[PDB]
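A.B. asks: Experimental structure and its sequence below.
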Amino acid sequence: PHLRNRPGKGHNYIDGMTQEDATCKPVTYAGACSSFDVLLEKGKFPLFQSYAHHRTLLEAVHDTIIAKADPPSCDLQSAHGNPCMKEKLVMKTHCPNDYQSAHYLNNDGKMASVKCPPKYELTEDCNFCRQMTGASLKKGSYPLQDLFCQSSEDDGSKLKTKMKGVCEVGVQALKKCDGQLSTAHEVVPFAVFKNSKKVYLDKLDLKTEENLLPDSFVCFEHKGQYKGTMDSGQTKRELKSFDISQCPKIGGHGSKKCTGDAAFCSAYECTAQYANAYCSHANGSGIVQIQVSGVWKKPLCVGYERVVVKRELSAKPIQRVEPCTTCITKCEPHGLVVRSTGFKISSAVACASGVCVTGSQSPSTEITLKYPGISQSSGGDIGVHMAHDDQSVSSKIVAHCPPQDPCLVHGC
Amino acid sequence: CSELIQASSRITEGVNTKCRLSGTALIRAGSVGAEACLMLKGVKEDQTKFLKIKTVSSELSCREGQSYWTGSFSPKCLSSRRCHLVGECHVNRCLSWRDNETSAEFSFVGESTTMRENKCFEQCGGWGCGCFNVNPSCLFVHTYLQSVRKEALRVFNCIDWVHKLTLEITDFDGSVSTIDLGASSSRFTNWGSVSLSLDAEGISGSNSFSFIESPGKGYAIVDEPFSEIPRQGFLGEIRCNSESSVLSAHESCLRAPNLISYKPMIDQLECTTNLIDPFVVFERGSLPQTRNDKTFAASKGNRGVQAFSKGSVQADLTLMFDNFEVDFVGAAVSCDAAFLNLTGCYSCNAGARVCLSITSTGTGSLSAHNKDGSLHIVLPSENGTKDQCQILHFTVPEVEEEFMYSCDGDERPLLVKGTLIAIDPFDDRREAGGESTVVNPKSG
Ligand SMILES: *[C@@H]1O[C@H](CO)[C@@H](O[C@@H]2O[C@H](CO)[C@@H](O[C@@H]3O[C@H](CO)[C@@H](O)[C@H](O)[C@H]3NC(C)=O)[C@H](O)[C@H]2NC(C)=O)[C@H](O)[C@H]1NC(C)=O
Ligand SMILES: *[C@@H]1O[C@H](CO)[C@@H](O)[C@H](O)[C@H]1NC(C)=O
Ligand SMILES: *[C@@H]1O[C@H](CO)[C@@H](O)[C@H](O)[C@H]1NC(C)=O
């Protein structure tokens, strides 16, 4: 249970729901917090479970990393007639039972939550409040989105949503479109930067780089340990969290003797006397950087949603119209010759009342062909199909010819 | 041109008493543009209903075998670099990464039907690379293909070519009937059925090419054999079974191994590939094309491909149970005719074109017959002066004959003049023959 050694204060509680301060004020190996234990269930919240040693939304809020929205959480008991549930109703979520509250990161990059009236619980889609008699509601709030938060100083005031072929994602109106509008629920990764709003992304590529800052170390201490806090006889072997702000930095001063692994000893001053706490290195921590518009940036925090996107499938798939007539067709006693413009003709076929005749030649602006059947003697109309080198030129043309005299053709 | 005396019925003044003529008829099918002729004679100056089966055209259609679809695809990649011992960056996990298996970092993708693969690459391990550990780190890449253009191409092959005859059936009192049928096949038309023998050749070999069909745009030919297994660097490297699968890059589409080129250079990953644009190849070999004297081209109606090869066939279509008669035709009609000209050749497949000026007071037909009965001329007669044409066969350089023409009335003398051109074969042994020639190229 090393994941319960939270970075920073580890305050996994929300304002108003302060009935679980025994175990939700700093989250430790001992208790059980309703607003945190859901994150560690197998198969749920996999993105945070991968980045398990980064702050949650509530933790980031309590460290002043992420601000709190204006109507911080308009209670449905007192504000069910106000335009509150606008960003919530565009998301597709799934809450478990016996939960009276649920918090999410709104569009402006702040934290807002939905609180059902007392003794009511949130339904399976977190959209309605339902009252079940004789039910014990949990004391925490369900994290709606799957996200992990960190502290950043990189500025992102010029960052904006840039998705191709999207007219509207979530509650953001990307542009104005007319015509067909494909509408569906999609999993859209997002990120929030300093002095910015939510920035939905098309591709989620990110990297982490480790460091030796205090948030990268997991200090603990045994319960009942000699010459330590809570130094009394015990009946169970359990750990206890330790604050790294006490162990002295290298070449510095501190209040508690501290020991640890190689990474801790390389940055802090590992003691030579009896140690008070063991400070290892959070094996997954570091600084996570996102790539937006090719350039890497440091987000306040990233996640993903299930919002409704209004795409545009197509304006026009393809247009195939070509009534081209840039050719001259003049029947000649020597042969059927058609003179065309710049586009060259390699092979052609001539059809006149069933019987057809074909010709092949190198690409040229003109081609001569033998007359099909008795069309030379009888004249009439003759259709010609040819293969142009270019495109957008009609391949079916018709030539009108009067009756001809074979004597000139065979004259010798 | 042939009678039906074996099963002739009594086609009461005016009223019709047709007995559903059951006797079949056997007449050799005429050449291309010619017609097949019938004699429903009743009482002189009455009846004489003519059934005409005009030979529209003969084409060497294609019998398609296997087929598949393809389009233009472009890849997109998602990367996630984690240090050693983080997640599943164990050397064994990084090396054994099964493309079919997805990493836990790109779980927002979740379940999807897009064609996709997953790769894992090692990078530097050490404080210079970015990780305190010295064992190599990992870079998980998820790549999925997406379609660029909203179009697809169908690629098929012709296992064999079949002779196919198009006939214009000029039924009794109305010529609205066109039928297309192959060799040794029957078509259940009105008044029974029509069957074609075409005993000469039911096939014209095979080939080793493949044809592209763009829906609503035309056809094309590629100079490669049709391969049922995808191959890198050829057409159909990525192939599907439907246009929807192509336009959505569905995972059911097959593709060759090692199509995506990965450049894991330390700053940014580069996911790219070199793929043959099927649209370029389609535009390159547009249909109107000639290969070793075959000249494949789009069939009339744009529903397939043809094969213009030198040859000819013998066709003997058989009518059966032909019965289409009414009672209003019992009245006689007057008609007049005037000879116009004579053009064409002799002893030739094309024949000699015969045109006649018809001046009639109403609906009717023409039954000009020569003295010996060898040559028959039939032309419909309509109100006012009309100019209709017919096609006959001759074996004389000059034509000078008289025909007993009568449009359901009295026979009057119709005289035809003119000479016929000579089809220089610059190569003759004893004769030419009519047969039924399928279209052929110049290089034959
Ligand atoms: C032998 O006489 C035939 C019968 O007149 C001619 O064959 C065709 O005659 C048609 C009408 O009798 C003509 O149709 C005309 O076509 C022109 C232009 O193509 C248009 O004005 C109309 O479609 C039509 N005009 C009408 C109905 O008044 C054909 O022009 C004609 N075919 C041709 C081109 O020969 C022959 O002309 C004639 N043979 C010889 C050797 O001259
Ligand atoms: C390393 O961290 C991952 C989560 O980031 C954890 O699953 C794994 O157990 C850790 N390795 C250890 C503790 O050896
Ligand atoms: C694909 O992966 C799944 C789970 O990762 C596995 O059950 C299945 O056997 C794999 N199929 C292969 C390797 O062909």
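C.D. replies: That came in fine, so what should we check first? Numbering: from 1, shown residues only, chains lettered A, B, ... in the order given. Ligands and ions are numbered 1, 2, ... in the order given.

A.B. asks: For chain A, list the residues in contact with ligand 2, please.
C.D. replies: A:52, A:283, A:284 (C-beta under 6 Å from any ligand atom). In short, each C-beta sits where N, CA and C put it, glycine included.

A.B. asks: what do you get if the cut-off is 8 Å, keeping everything else the same?
C.D. replies: A:2, A:3, A:49, A:50, A:51, A:52, A:53, A:283, A:284 (C-beta under 8 Å from any ligand atom).

A.B. asks: Residues contacting stretch A:239-254 from elsewhere in the structure, which ones?
C.D. replies: With contact meaning C-beta atoms under 8 Å, 6 or more residues apart in numbering or on different chains, stretch A:239-254 is reached by A:5, A:10, A:26, A:28-30, A:214, A:217, A:219-223, A:229-230, A:255-258, A:267-269, A:276-277, A:279.

A.B. asks: cool, stretch A:315-323 as well?
C.D. replies: A:179, A:391, A:392, A:393, A:394, B:150, B:151, B:216, B:217.

A.B. asks: thought residue A:202 was touching residue A:169?
C.D. replies: No. Applying C-beta atoms under 8 Å as the test, residue A:202 and residue A:169 come out as separate, 10.2 Å apart.

A.B. asks: gap between residue A:169 and ligand 3?
C.D. replies: Per C-beta to the nearest ligand atom, to the nearest Å, residue A:169 is found 31 Å from ligand 3.

A.B. asks: quick one: that residue and residue A:163 touch, right?
C.D. replies: Yes. Contact criterion C-beta under 8 Å: residue A:169 and residue A:163 qualify, at 6.3 Å.

A.B. asks: which neighbours do those two share?
C.D. replies: residue A:200.

A.B. asks: who has more neighbours, those two?
C.D. replies: Neighbour tally, residue A:169 and residue A:163, criterion other C-beta atoms under 10 Å in any protein chain shown: the higher count belongs to residue A:169, 22 against 16.

A.B. asks: for that one, phi and psi?
C.D. replies: Main-chain dihedrals, residue A:169, degrees, to the nearest 10: phi -120, psi 130.

A.B. asks: for it, what are its contacts?
C.D. replies: A:161, A:163, A:188, A:200, A:307, A:309, A:310.

A.B. asks: The fifth one contacts residue A:186, doesn't it?
C.D. replies: Pointing back at residue A:307 there. Yes. Taking contacts as C-beta under 8 Å, residue A:307 lies within contact range of residue A:186: 7.0 Å.

A.B. asks: Checking residue A:95 next. Helix, strand or coil?
C.D. replies: Following DSSP: H, G, I helix; E, B strand; the rest coil, we place residue A:95 in the coil state.

A.B. asks: got a list of what it touches?
C.D. replies: So residue A:95 contacts A:102, A:122, A:123, A:124, A:125, A:126, A:142, A:144 (C-beta under 8 Å, 6+ apart).

A.B. asks: now do residue A:224
C.D. replies: Taking C-beta under 8 Å, 6+ apart as the test, what residue A:224 contacts is A:230, A:231, A:232, A:233, A:234.

A.B. asks: nearest spatial neighbour of the residue in the stretch 151-300 of chain A positioned nearest to ligand 3, skipping sequence neighbours?
C.D. replies: Closest contact between the stretch 151-300 of chain A and ligand 3, by C-beta to the nearest ligand atom, is at residue A:187 (19.9 Å). Take residue A:187 and drop its neighbours on the chain: the residue closest to it by C-beta to C-beta, 6 or more residues apart in numbering or on different chains is residue B:108, 4.8 Å away.

A.B. asks: ok, how many other residues are close to residue A:231?
C.D. replies: Residue A:231, neighbours per other C-beta under 10 Å, totals 11.

A.B. asks: before we move on, what about residue A:333?
C.D. replies: By other C-beta under 10 Å, neighbour count at residue A:333 equals 14.

A.B. asks: tell me which element it falls in.
C.D. replies: Following DSSP states H and E, there is no helix or strand that holds residue A:333.

A.B. asks: Contacts only, for it.
C.D. replies: Contacts of residue A:333 by C-beta under 8 Å, 6+ apart are A:404, A:405, A:408, A:409.

A.B. asks: cool, residue A:300 as well?
C.D. replies: Residue A:300 touches A:60, A:65, A:66, A:109, A:149, A:150, A:151, A:152, A:191, A:192, A:193, A:194, counting by C-beta under 8 Å, 6+ apart.
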